[PDB]
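Peer 1: As you go down the protein sequences, you meet chains A and B in turn.
If you count by PDB author numbering, then the first sequence holds residues 109 to 141, 146 to 204, one letter each, in order.
If you count by PDB author numbering, then the second sequence holds residues 110 to 139, 148 to 204, one letter each, in order.
Just so you know, even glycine gets a beta-carbon here, dropped at the ideal spot from N, CA and C.
Would you mind keeping the following structure in view while I ask a few things?
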Amino acid sequence: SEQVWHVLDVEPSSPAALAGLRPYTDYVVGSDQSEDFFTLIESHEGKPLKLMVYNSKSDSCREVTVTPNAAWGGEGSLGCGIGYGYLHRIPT
Amino acid sequence: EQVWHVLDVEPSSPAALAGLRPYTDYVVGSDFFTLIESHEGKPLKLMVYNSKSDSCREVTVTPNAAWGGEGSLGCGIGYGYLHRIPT
Numbered sequence: 109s110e111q112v113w114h115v116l117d118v119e120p121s122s123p124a125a126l127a128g129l130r131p132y133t134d135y136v137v138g139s140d141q146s147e148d149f150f151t152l153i154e155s156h157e158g159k160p161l162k163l164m165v166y167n168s169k170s171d172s173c174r175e176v177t178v179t180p181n182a183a184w185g186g187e188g189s190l191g192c193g194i195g196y197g198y199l200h201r202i203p204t
Numbered sequence: 110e111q112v113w114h115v116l117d118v119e120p121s122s123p124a125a126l127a128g129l130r131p132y133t134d135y136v137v138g139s148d149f150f151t152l153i154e155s156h157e158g159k160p161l162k163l164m165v166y167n168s169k170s171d172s173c174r175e176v177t178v179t180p181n182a183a184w185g186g187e188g189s190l191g192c193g194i195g196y197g198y199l200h201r202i203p204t
């Protein structure tokens with residue numbers, strides 16, 4: 109129940125991108141109020161969704177607002193990849 | 110028709126997190150300072166030209182006056198182009 113979802117690649121102009129979610133430095137640590149991430153994203157299709165987001169480089173938490181939209185034009189409803197806990201990315 | 114030249118970009122600043130490339134990026138869309154202030158703690162969509170790629174891309178930055186540093190972006194900005202010479 110203390111699950112963390114690591115934001116990976118963020119497509120340009122995706123719901124995720126408009127919300128300001130940052131590839132590989134941001135982690136979704138909760139909504140603003146008991147549900148997991150995927151059913152939340154599902155159940156807020158077309159509706160704004162508040163999220164609490166930890167960033168590793170700034171080492172700090174912030175509020176972010178996202179509207180999932182399966183019709184944004186690409187894959188999914190957010191247009192990002194997501195990892196469980198932490199995936200280790202090597203900048204090359 | 111205005112353009113802003115991105116200069117120095119501090120490590121771990123909102124501009125850095127947005128992926129602003131120092132000295133080669135130019136904000137060419139969506148004054149700029151007012152727009153920054155009015156988006157304190159809020160994502161701002163920018164259209165950015167880079168001079169190595171000769172291509173445009175959408176960037177999203179989230180200014181943060183509290184980022185712990187001067188301003189709320191933590192980059193230097195010039196109007197149009199500032200002719201800096203690395204020496």
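Using a beta-carbon distance below 9 Å, is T133/A in contact with chain B?
Peer 2: Position 25 of the first sequence, counted from the first residue, corresponds to residue 133/A. Under the Cβ criterion of 9 Å, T133/A is counted among the residues facing chain B.
Peer 1: State the Cα-Cα distance for the pair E157/B and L126/A, rounded to the nearest angstrom.
Peer 2: To locate residue 157/B, count along the second sequence from 1; it is residue 40. To locate residue 126/A, count along the first sequence from 1; it is residue 18. The alpha-carbon atoms of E157/B and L126/A are separated by roughly 15 Å.
Peer 1: Secondary structure at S172/B, three-state DSSP: helix, strand or coil?
Peer 2: In the second sequence, the residue the question calls residue 172/B occupies position 55. Of the three classes helix, strand and coil, the one that applies to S172/B here is strand, per DSSP.
Peer 1: Against chain A, which members of the region 158-179 of chain B pass a CB distance test of less than 9 Å?
Peer 2: Per Cβ criterion, the list reads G158, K159, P160, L161, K162, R174, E175, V176, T177, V178, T179.
Peer 1: Please report how far the alpha carbon of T204/B lies from the alpha carbon of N167/A, in whole angstroms.
Peer 2: Numbered from 1 along the second sequence, position 87 holds the residue referred to as residue 204/B. Numbered from 1 along the first sequence, position 55 holds the residue referred to as residue 167/A. Rounded to whole angstroms, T204/B and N167/A show a C-alpha spacing of 35 Å.
Peer 1: For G188/A, would you say it is in contact with chain C, using Cβ-to-Cβ distances shorter than 9 Å as the test?
Peer 2: Going by chain labels, chain C is absent from the structure shown, which instead holds the protein chains A and B.
Peer 1: Which chain B residues sit within Cβ distance under 9 Å of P203/A?
Peer 2: Stepping through the first sequence from its first residue, residue 203/A is reached at position 91. Think of a sphere of 9 Å around the beta carbon of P203/A: no beta carbon from chain B falls inside it, the nearest being about 12 Å out.
Peer 1: Let's test the definition: count the other Cβ atoms within 10 Å of the Cβ of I153/A and tell me whether it reaches 16, buried, or not, exposed.
Peer 2: Within the first sequence, residue 153/A is the residue found at index 41, counting from 1. Flag for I153/A reads buried.
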